[PDB]
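**Student:** here is my input, please return the structure:
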Amino acid sequence: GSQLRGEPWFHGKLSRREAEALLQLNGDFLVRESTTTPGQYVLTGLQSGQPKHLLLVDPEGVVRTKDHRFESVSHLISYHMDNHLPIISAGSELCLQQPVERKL
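**Tutor:** Numbers count the residues shown, from 1 in each chain. See below for the structure:
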């Protein structure tokens, strides 16, 4: 509640396929919690007309990337979003540009 589970862009346990049906323009992102068999979190976004599906794990109780460790998912989002650095994973890069906000 008093944290990640409040964030306008965080859709709780959203299924993989649904999440892809919520992206309209490249740079579209939204976070949800592991669905095949629940555990951690995923970053789903569109780039080039095809979603990418990034994982988010607490390096030390935080949440990390291919070169950085944050405090949480919320911290990860602003670093890339605000600052505008594309998450690069395996030569591929996903630009967080517009959160696909929960409908309310």
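
**Student:** what's the burial count for residue 77?
**Tutor:** 22 (other C-beta atoms under 10 Å). No exception for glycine: its C-beta is placed from N, CA and C like everyone else's.

**Student:** please read the previous query as pertaining to residue 39.
**Tutor:** 10.

**Student:** and residue 31, how many neighbours does it have?
**Tutor:** Quick note: residue 31 (other C-beta under 10 Å) scores 25 neighbours.

**Student:** one more: residue 58?
**Tutor:** 15.

**Student:** with adjacent residues omitted, what lies nearest to it?
**Tutor:** residue 64 (7.4 Å; C-beta to C-beta, 6 or more residues apart in numbering).

**Student:** next, give phi and psi for the one you found.
**Tutor:** Here is the backbone geometry of residue 64 (degrees, to the nearest 10): phi -120, psi 180.

**Student:** start and end of stretch 7-16, how far apart?
**Tutor:** 19 Å (C-alpha to C-alpha, to the nearest Å).

**Student:** identify the residues contacting that stretch?
**Tutor:** Stretch 7-16 has contacts (C-beta atoms under 8 Å, 6 or more residues apart in numbering) with 4-5, 19, 29-36, 38, 44, 53, 73-74, 77, 99-102.

**Student:** just to revisit the earlier point, residues in contact with the residue nearest to residue 58?
**Tutor:** Per C-beta under 8 Å, 6+ apart, neighbours of residue 64: 56-58, 70.
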